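Step one of this worksheet: look at the structure below.
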Amino acid sequence: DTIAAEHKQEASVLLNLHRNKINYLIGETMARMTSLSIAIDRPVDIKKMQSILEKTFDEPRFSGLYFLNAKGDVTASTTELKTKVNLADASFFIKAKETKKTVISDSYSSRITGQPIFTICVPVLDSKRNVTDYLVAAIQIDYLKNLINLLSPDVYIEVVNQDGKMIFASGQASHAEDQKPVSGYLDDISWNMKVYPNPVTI
Amino acid sequence: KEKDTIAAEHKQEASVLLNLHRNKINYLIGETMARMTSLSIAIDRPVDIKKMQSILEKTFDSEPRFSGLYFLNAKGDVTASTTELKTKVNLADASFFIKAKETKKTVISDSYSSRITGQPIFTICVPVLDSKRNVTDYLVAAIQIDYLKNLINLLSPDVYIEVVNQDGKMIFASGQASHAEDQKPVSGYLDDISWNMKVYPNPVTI
């Protein structure tokens with residue numbers, strides 16, 4: 001009756017390891033892109049940028065690294081493209097352009113690779129603080145799931161956005177039966193993580 | 001006998017603080033490695049020293065974590081520095097430099113007293129490589145030990161926490177040892193350095 005309250009906190013423990021893992025991953029990525037922005041010679045030479053992105057990508061975290069011009073055209077790209085791609089219609093792009101600040105997108109299906117991702121988009125400013133370009137880092141949802149799964153294969157964990165859209169779930173739902181989850185939002189993106197304690201069992 | 005039930009709870013709290021505090025340090029160290037690594041990739045050759053000086057200043061700004069950021073030539077001369085240097089400074093004799101040069105990979109040093117600032121620090125050193133994979137320069141980021149200490153202490157004033165390297169050197173300690181009396185610590189190593197953090201449970205009372 002009180003191995004209950006322990007299975008509970010054991011799940012609070014899982015919750016924070018996993019949140020932290022994801023927050024770290026996101027923060028580390030933001031910081032990689034922010035540093036690139038600062039280090040690179042302006043105006044940005046597209047050939048050098050291409051090379052930089054490739055060196056940075058060659059990290060299965062990424063679906064890809066991309067560079068955008070003011071219009072939204074993909075001018076540098078880890079993934080070879082058959083046809084020209086424009087990311088302007090993209091929500092994160094719009095938000096990035098208006099705020100002139102880094103943006104973390106909700107999960108979606110990459111127009112470029114076709115797989116579920118989320119993107120970190122960092123605008124590049126000139127001297128007068130106009131947005132001239134964008135660094136774009138796309139991470140596979142797949143990667144996040146697997147990171148969670150390796151740590152806790154046998155324990156159910158559900159991640160859902162602010163509107164109840166399933167981002168992903170790790171482990172077997174059957175483990176959640178009769179259990180209330182210990183839950184919590186991530187820092188940089190409005191994803192709520194729900195960890196289900198295991199049953200009391202002897 | 002219910003004593004042992006409050007004790008288990010105090011122990012559990014110790015483990016929670018242990019994980020909380022390592023993560024904070026791990027993140028700090030990991031993010032710094034990432035930044036230095038990106039700088040090392042993004043800089044155009046031949047490296048313009050004034051541009052590099054400017055990048056380090058920007059990277060350093062509003063980041064009390066750092067004791068300082070520095071750039072080294074292949075010999076180990078500090079050629080750009082967020083600290084105003086009064087003499088020429090060479091680090092070729094530093095352990096982290098020797099390891100960096102030989103491994104050609106990032107090095108996280110043990111703690112030591114900075115030649116430059118006199119304070120206790122540890123440094124992250126990223127070698128910058130040639131097309132030919134020859135080391136031409138070094139990025140060096142120094143982190144104030146006391147920044148970490150005060151970070152932890154602010155969060156957990158009432159809990160005694162020691163961090164110790166492999167050789168038993170005390171890196172830092174936070175809190176009052178009186179709060180650990182008759183306690184065994186819950187312990188664990190940092191991911192990027194061989195530092196062991198020992199978090200002591202509080203004693204039971206009421």
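Scheme for the structure tokens: letters A, B, ... for chains in order shown; per-chain residue numbers from 1; ligand numbers from 1 in order shown.
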Listing only residues of chain A within 8 Å of chain B, what is the closest atom pair and its distance in Å (to one decimal) for each, using only C-alpha atoms, sorted by chain and residue number ascending, as CSV?
```
residue,atom,partner,partner_atom,distance
A:13,CA,B:16,CA,7.3
A:17,CA,B:19,CA,7.9
A:20,CA,B:23,CA,7.4
A:24,CA,B:27,CA,6.3
A:27,CA,B:31,CA,7.5
A:28,CA,B:31,CA,5.3
A:31,CA,B:35,CA,6.0
A:32,CA,B:35,CA,5.5
A:33,CA,B:38,CA,7.8
A:35,CA,B:35,CA,5.7
A:36,CA,B:38,CA,5.8
A:38,CA,B:55,CA,6.6
A:39,CA,B:42,CA,5.6
A:40,CA,B:42,CA,5.4
A:41,CA,B:44,CA,7.1
A:52,CA,B:42,CA,6.2
A:55,CA,B:41,CA,7.5
A:56,CA,B:38,CA,7.7
```
For the residues in the current selection, export N, CA, C and O atoms as a PDB file, in the first residue's frame.
```
ATOM      1  N   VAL A  13      11.748  10.040 -10.635  1.00  0.00           N
ATOM      2  CA  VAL A  13      13.159   9.999 -10.987  1.00  0.00           C
ATOM      3  C   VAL A  13      13.331   9.824 -12.495  1.00  0.00           C
ATOM      4  O   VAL A  13      14.143  10.527 -13.111  1.00  0.00           O
ATOM      5  N   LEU A  17      15.335  12.538 -15.252  1.00  0.00           N
ATOM      6  CA  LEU A  17      16.413  12.072 -16.145  1.00  0.00           C
ATOM      7  C   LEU A  17      16.019  12.295 -17.618  1.00  0.00           C
ATOM      8  O   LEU A  17      16.777  12.871 -18.408  1.00  0.00           O
ATOM      9  N   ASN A  20      15.534  16.072 -18.584  1.00  0.00           N
ATOM     10  CA  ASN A  20      16.870  16.639 -18.642  1.00  0.00           C
ATOM     11  C   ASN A  20      17.597  16.204 -19.901  1.00  0.00           C
ATOM     12  O   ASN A  20      18.150  17.037 -20.623  1.00  0.00           O
ATOM     13  N   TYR A  24      18.687  18.960 -22.437  1.00  0.00           N
ATOM     14  CA  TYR A  24      20.120  19.081 -22.729  1.00  0.00           C
ATOM     15  C   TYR A  24      20.357  19.003 -24.221  1.00  0.00           C
ATOM     16  O   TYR A  24      21.119  19.789 -24.783  1.00  0.00           O
ATOM     17  N   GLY A  27      19.139  22.263 -25.769  1.00  0.00           N
ATOM     18  CA  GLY A  27      20.063  23.326 -25.418  1.00  0.00           C
ATOM     19  C   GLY A  27      21.425  23.199 -26.080  1.00  0.00           C
ATOM     20  O   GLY A  27      22.028  24.197 -26.478  1.00  0.00           O
ATOM     21  N   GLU A  28      21.922  21.972 -26.196  1.00  0.00           N
ATOM     22  CA  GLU A  28      23.228  21.762 -26.796  1.00  0.00           C
ATOM     23  C   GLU A  28      23.143  22.128 -28.260  1.00  0.00           C
ATOM     24  O   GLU A  28      24.033  22.784 -28.813  1.00  0.00           O
ATOM     25  N   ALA A  31      22.952  25.805 -28.765  1.00  0.00           N
ATOM     26  CA  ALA A  31      24.266  26.401 -28.547  1.00  0.00           C
ATOM     27  C   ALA A  31      25.215  26.117 -29.700  1.00  0.00           C
ATOM     28  O   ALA A  31      26.020  26.986 -30.040  1.00  0.00           O
ATOM     29  N   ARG A  32      25.129  24.936 -30.322  1.00  0.00           N
ATOM     30  CA  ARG A  32      25.980  24.684 -31.505  1.00  0.00           C
ATOM     31  C   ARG A  32      25.635  25.682 -32.619  1.00  0.00           C
ATOM     32  O   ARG A  32      26.531  26.233 -33.262  1.00  0.00           O
ATOM     33  N   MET A  33      24.342  25.906 -32.857  1.00  0.00           N
ATOM     34  CA  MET A  33      23.918  26.774 -33.963  1.00  0.00           C
ATOM     35  C   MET A  33      24.278  28.246 -33.623  1.00  0.00           C
ATOM     36  O   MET A  33      24.767  28.997 -34.471  1.00  0.00           O
ATOM     37  N   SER A  35      26.669  29.375 -31.789  1.00  0.00           N
ATOM     38  CA  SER A  35      28.099  29.602 -31.934  1.00  0.00           C
ATOM     39  C   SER A  35      28.502  29.710 -33.400  1.00  0.00           C
ATOM     40  O   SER A  35      29.339  30.552 -33.747  1.00  0.00           O
ATOM     41  N   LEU A  36      27.913  28.872 -34.259  1.00  0.00           N
ATOM     42  CA  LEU A  36      28.212  28.951 -35.695  1.00  0.00           C
ATOM     43  C   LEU A  36      27.918  30.355 -36.184  1.00  0.00           C
ATOM     44  O   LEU A  36      28.742  30.986 -36.857  1.00  0.00           O
ATOM     45  N   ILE A  38      27.944  33.113 -34.711  1.00  0.00           N
ATOM     46  CA  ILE A  38      28.908  34.099 -34.234  1.00  0.00           C
ATOM     47  C   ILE A  38      30.279  33.975 -34.903  1.00  0.00           C
ATOM     48  O   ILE A  38      30.945  34.983 -35.169  1.00  0.00           O
ATOM     49  N   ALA A  39      30.690  32.741 -35.182  1.00  0.00           N
ATOM     50  CA  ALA A  39      32.061  32.461 -35.595  1.00  0.00           C
ATOM     51  C   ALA A  39      32.288  32.731 -37.060  1.00  0.00           C
ATOM     52  O   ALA A  39      33.409  33.055 -37.481  1.00  0.00           O
ATOM     53  N   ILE A  40      31.234  32.557 -37.848  1.00  0.00           N
ATOM     54  CA  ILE A  40      31.404  32.560 -39.291  1.00  0.00           C
ATOM     55  C   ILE A  40      31.613  33.963 -39.845  1.00  0.00           C
ATOM     56  O   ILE A  40      30.974  34.925 -39.403  1.00  0.00           O
ATOM     57  N   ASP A  41      32.532  34.069 -40.802  1.00  0.00           N
ATOM     58  CA  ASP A  41      32.749  35.320 -41.524  1.00  0.00           C
ATOM     59  C   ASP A  41      31.470  35.800 -42.210  1.00  0.00           C
ATOM     60  O   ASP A  41      30.764  35.022 -42.860  1.00  0.00           O
ATOM     61  N   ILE A  52      30.666  23.612 -43.378  1.00  0.00           N
ATOM     62  CA  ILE A  52      30.472  23.668 -41.941  1.00  0.00           C
ATOM     63  C   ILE A  52      29.323  22.735 -41.560  1.00  0.00           C
ATOM     64  O   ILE A  52      29.479  21.861 -40.712  1.00  0.00           O
ATOM     65  N   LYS A  55      30.342  19.086 -41.743  1.00  0.00           N
ATOM     66  CA  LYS A  55      31.225  18.671 -40.666  1.00  0.00           C
ATOM     67  C   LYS A  55      30.441  18.529 -39.359  1.00  0.00           C
ATOM     68  O   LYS A  55      30.745  17.669 -38.527  1.00  0.00           O
ATOM     69  N   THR A  56      29.429  19.370 -39.186  1.00  0.00           N
ATOM     70  CA  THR A  56      28.645  19.355 -37.962  1.00  0.00           C
ATOM     71  C   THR A  56      27.728  18.140 -37.953  1.00  0.00           C
ATOM     72  O   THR A  56      27.610  17.461 -36.936  1.00  0.00           O
TER      73      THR A  56
END
```
For the contact check between range 42-145 of chain B and range 187-197 of chain B, emit one row per residue of range 42-145 of chain B within 9 Å, containing the shortest atom pair and the distance in Å rounded to one decimal, counting only C-alpha atoms, chain then rising number order, as CSV.
```
residue,atom,partner,partner_atom,distance
B:108,CA,B:193,CA,6.6
B:109,CA,B:193,CA,7.7
B:110,CA,B:193,CA,7.6
```
Subject >> Test item, strand (DSSP E) assignment across range 12-206 of chain B, answer as JSON, numbers by chain >> reply: {"B": [66, 67, 68, 69, 70, 71, 72, 73, 78, 79, 80, 81, 107, 108, 112, 113, 120, 121, 122, 123, 124, 125, 126, 127, 128, 129, 135, 136, 137, 138, 139, 140, 141, 142, 143, 144, 161, 162, 163, 164, 165, 170, 171, 172, 173, 174, 186, 187, 188, 189, 195, 196, 197, 198, 199]}
Subject >> Residue with smallest distance to residue 165 in chain A - pool A:132, A:127, A:2, A:192, counting only C-alpha atoms >> reply: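 Ranking A:132, A:127, A:2, A:192 by distance to residue 165 in chain A, first place goes to A:192.
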Original post:
For the atom pair CA of residue 184 in chain B and CA of residue 151 in chain B, what is the interatomic distance in Å to one decimal place?
Top reply: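 So the two atoms, CA of residue 184 in chain B and CA of residue 151 in chain B, lie 23.1 Å apart.
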**OP:** Might you pull out every residue within 8 Å of residue 139 in chain A, with only C-alpha atoms counted and same-chain residues fewer than 5 positions away left off, and present them as a list in words?
**Re:**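 Here the answer would be residues 61, 62, 63, 64, 117, 118 and 119 of chain A.
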Residues from last step as file, N, CA and C atoms, as a short mmCIF file (atom, residue, chain, number, x, y, z; two decimals), in the first residue's frame:
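Final output, out33.cif:
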```
data_model
loop_
_atom_site.label_atom_id
_atom_site.label_comp_id
_atom_site.auth_asym_id
_atom_site.auth_seq_id
_atom_site.Cartn_x
_atom_site.Cartn_y
_atom_site.Cartn_z
N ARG A 61 21.50 12.27 -34.39
CA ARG A 61 20.47 13.13 -33.83
C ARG A 61 19.69 13.73 -34.99
N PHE A 62 20.45 14.23 -35.97
CA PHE A 62 19.91 15.06 -37.02
C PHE A 62 19.27 14.31 -38.19
N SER A 63 18.08 14.78 -38.57
CA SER A 63 17.51 14.47 -39.87
C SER A 63 18.30 15.27 -40.91
N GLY A 64 18.75 16.46 -40.51
CA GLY A 64 19.60 17.26 -41.37
C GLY A 64 19.92 18.64 -40.81
N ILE A 117 9.99 14.91 -37.43
CA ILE A 117 11.08 15.67 -36.84
C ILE A 117 10.56 16.83 -36.02
N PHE A 118 11.49 17.53 -35.37
CA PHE A 118 11.20 18.87 -34.90
C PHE A 118 12.43 19.71 -35.21
N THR A 119 12.23 21.01 -35.38
CA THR A 119 13.36 21.82 -35.79
C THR A 119 13.70 22.97 -34.88
#
```
**OP:** Write out as a list in words the residues lying within 12 Å of residue 18 in chain A, counting only C-alpha atoms and excluding same-chain residues fewer than 5 positions away.
**Re:**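 The contact residues come out as residues 11, 12, 13, 23, 24, 25, 144, 145, 146, 147, 148, 149, 150, 151, 152, 157, 158, 159, 170, 183, 184, 185, 186, 192, 193, 194 and 195 of chain A; 19 and 23 of chain B.
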Close residues, residue 88 in chain A itself excluded, 8 Å, only C-alpha atoms, min 3 positions apart in chain, as a short mmCIF file (atom, residue, chain, number, x, y, z; two decimals) with N, CA, C and O atoms, in the first residue's frame:
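Once written, result_20.cif looks like this:
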```cif
data_model
loop_
_atom_site.label_atom_id
_atom_site.label_comp_id
_atom_site.auth_asym_id
_atom_site.auth_seq_id
_atom_site.Cartn_x
_atom_site.Cartn_y
_atom_site.Cartn_z
N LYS A 71 14.70 34.68 -48.03
CA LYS A 71 13.42 34.31 -48.64
C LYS A 71 12.91 32.98 -48.11
O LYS A 71 11.71 32.75 -48.08
N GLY A 72 13.83 32.11 -47.71
CA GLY A 72 13.46 30.81 -47.18
C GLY A 72 13.97 29.67 -48.04
O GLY A 72 13.71 28.51 -47.76
N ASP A 73 14.70 30.01 -49.09
CA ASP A 73 15.27 29.00 -49.97
C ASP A 73 16.41 28.26 -49.28
O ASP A 73 17.26 28.88 -48.63
N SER A 91 5.86 27.18 -40.13
CA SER A 91 5.50 27.92 -38.92
C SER A 91 6.72 28.45 -38.19
O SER A 91 6.76 29.61 -37.78
N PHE A 93 9.61 29.05 -39.36
CA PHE A 93 10.27 30.09 -40.16
C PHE A 93 9.59 31.44 -39.92
O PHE A 93 10.25 32.41 -39.54
N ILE A 94 8.28 31.49 -40.13
CA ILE A 94 7.53 32.71 -39.84
C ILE A 94 7.84 33.26 -38.46
O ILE A 94 8.16 34.44 -38.32
#
```
Subject >> Expected answer as a list in words: alpha helix (DSSP H) residues in range 55-108 of chain B >> reply: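 Selecting the alpha helix (DSSP H) positions of range 55-108 of chain B gives residues 55, 56, 57, 58, 59, 60, 95, 96, 97, 98, 99, 100, 101, 102 and 103 of chain B.
Here the question is which of A:89, A:202, A:197, A:187 gets nearest to residue 9 in chain A using only C-alpha atoms, and that residue is A:197.
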Original post:
So what do you get for CA of residue 96 in chain A versus CA of residue 168 in chain A, distance-wise?
Top reply: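 Taking CA of residue 96 in chain A as the start and CA of residue 168 in chain A as the end point, the length is 25.4 Å.
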Original post:
Neighbours of residue 135 in chain A within 7 Å (only C-alpha atoms; same-chain residues fewer than 4 positions away dropped), as a list in words?
Top reply: residues 33, 66, 67, 68, 121, 122 and 123 of chain A
Subject >> Proximity to residue 97 in chain B - best of B:170, B:180, B:125, B:80, only C-alpha atoms >> reply: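 Nearest candidate to residue 97 in chain B out of B:170, B:180, B:125, B:80: B:125.
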Subject >> Polymer residues at most 9 Å from residue 115 in chain A, only C-alpha atoms, same-chain spacing of 4 or more positions, as an MDAnalysis selection string >> reply: chainID A and resid 63 108:111 140:142
Store the residues of this selection in a file with N, CA and C atoms, as a short mmCIF file (atom, residue, chain, number, x, y, z; two decimals), in the first residue's frame.
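Saved the output as part-v5.cif:
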```
data_model
loop_
_atom_site.label_atom_id
_atom_site.label_comp_id
_atom_site.auth_asym_id
_atom_site.auth_seq_id
_atom_site.Cartn_x
_atom_site.Cartn_y
_atom_site.Cartn_z
N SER A 63 18.08 14.78 -38.57
CA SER A 63 17.51 14.47 -39.87
C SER A 63 18.30 15.27 -40.91
N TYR A 108 6.76 17.52 -36.72
CA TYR A 108 6.07 17.45 -38.00
C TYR A 108 6.78 16.50 -38.97
N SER A 109 6.26 16.41 -40.18
CA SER A 109 6.82 15.48 -41.14
C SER A 109 7.66 16.23 -42.16
N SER A 110 8.97 16.01 -42.12
CA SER A 110 9.90 16.77 -42.94
C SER A 110 9.53 16.78 -44.43
N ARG A 111 9.45 17.97 -45.01
CA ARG A 111 9.17 18.10 -46.43
C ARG A 111 10.35 17.53 -47.20
N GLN A 140 15.27 13.98 -35.41
CA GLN A 140 14.26 12.94 -35.57
C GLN A 140 13.57 12.66 -34.25
N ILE A 141 12.24 12.65 -34.27
CA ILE A 141 11.47 12.19 -33.11
C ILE A 141 11.94 10.80 -32.72
N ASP A 142 12.15 9.96 -33.74
CA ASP A 142 12.71 8.62 -33.62
C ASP A 142 13.88 8.55 -32.64
#
```
**OP:** Just give me the gap between CA of residue 138 in chain A and CA of residue 15 in chain A in Å, one decimal is fine.
**Re:** 24.1 Å
